[PDB]
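Given as structure tokens, the chain that follows is alone and in the form deposited without the ligand.
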């Protein structure tokens, strides 16, 4: 209710790595311009949290970016060509690539969506198997489904999403210090205007220091932008 969410740390090493990522980015004494700009695109972070009687039980206290919406329409999109990190074993690489073998080709994967429908006063939800079933031939209509609300295709929300993704893309083109694997973009628009539209980066259990542009992430964002752009011509 307070506008936040508690996300339980994933098992080690993933949860500890995500905690350290948030701790690094939101360090009070940080004056790295790259990290200060990155804050704009993340949920606000309120630190590690645990229940008063259970210090063993670890959570991240994060901004709930859907809180300002009346009927939020939400889509989660995993970004990049590789869902596995630079230290994955042969087995883990195979595990990750088999979850969605089109990741290299498309550069993104819809993890899920929840869409408000005006005429029925109800939500339609798609699970992980929806996005994993999409191919090059069906990715445009697949993404389009998210924006079908209010007796129309919400081209206002599509255009606003492109404009917000572009700012994230620009951040990625001006930093050579972090590479992001199996991270996502969370899209929110108002289902009940341009409008209230929010796009935030989430899921940081596989973010690593780097010396290069995150090329896979850039490829994914560019392709996602291209798909959304084609939807404006519907």
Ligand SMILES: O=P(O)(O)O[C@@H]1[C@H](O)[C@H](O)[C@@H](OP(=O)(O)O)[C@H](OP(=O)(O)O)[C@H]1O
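Positions refer to the first chain, counted from 1.
Just so it is clear, the following notes concern the form solved in complex with the ligand, a form of the same protein that is not shown.
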Between the options 155, 140, 117, 92, which residue brings a heavy atom to within 4.5 Å of the ligand in the entry with it bound? 92
Pick from 164, 132, 71, 148: which residue has any heavy atom within 4.5 angstroms of the ligand in the entry with it bound? 132
Going by a heavy atom distance of 4.5 Å, is residue 226 a contact of the ligand in the entry with it bound? no
With heavy atoms only and a cut-off of 4.5 Å, decide whether residue 78 touches the ligand in the entry with it bound. yes
Is residue 168 a contact residue for the ligand in the entry with it bound, using a 4.5 Å heavy atom cut-off? no
Contact of residue 38 with the ligand in the entry with it bound (heavy atom, 4.5 Å): no
Just give me the residues of 205 to 231, first to last, that have a heavy atom within 4.5 Å of the ligand in the entry with it bound. 206
